[PDB]
Structures are given as structure tokens and as C-alpha cells.
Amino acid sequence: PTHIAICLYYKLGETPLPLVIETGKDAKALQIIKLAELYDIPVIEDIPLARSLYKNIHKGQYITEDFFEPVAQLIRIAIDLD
């Protein structure tokens, strides 16, 4: 699609792995990003990673081993910023 947004959630004691809690394309993707900005959630553009997550990891599913390294990197950025 034109726009993709993947919302990732990782919280010690709640999630054993990062969880795709929301996903969206097009209007729904733009929505996610606007709400992210409102709630001061970091937003990072990574086109290959966004595309691969969208295709492979569905809403409510934990990420799989192929995504551990790239997603963990972003989670670490978020922890740093928080």
C-alpha cells in the first residue's frame, strides 16, 4: 500500500516479546501516526522493516525470531528516550 504503520508494545512483566498491538494501512496508518504524535510515542521510518512486519506479523501477535534483532534495536531506542 501507500502508507503502513506498525505499533509495537514491549513492557517488562507484561510482554515476553515485543507485540504488534495495532497495524494499519493507508488512512488507518496515517491515523496511527497522528495518534502516536499526540501521545508522544516515538515514530521511526524504516520502509523494509515496516513492509516485512505488515506482511508477516498480524495484530495481536508476538514478533518472530527473524524480527528480534531489528525490533529490539528500536525498543532500545524507545527505552533510551523514555
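Start at 1 with the first residue shown and count on from there.
Ranked by C-alpha B-factor against the other modelled residues of its chain, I63 falls in the highest third.
When the modelled residues of the chain are ordered by C-alpha B-factor, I57 sits in the highest third. Placement of the Cα temperature factor of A50 within the chain: middle third of the modelled residues, per the deposited record.
Ranked against the other modelled residues of its chain, the C-alpha B-factor of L35 as given in the entry falls in the middle third. The deposited CA B-factor of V43 belongs to the middle third of values across its chain.
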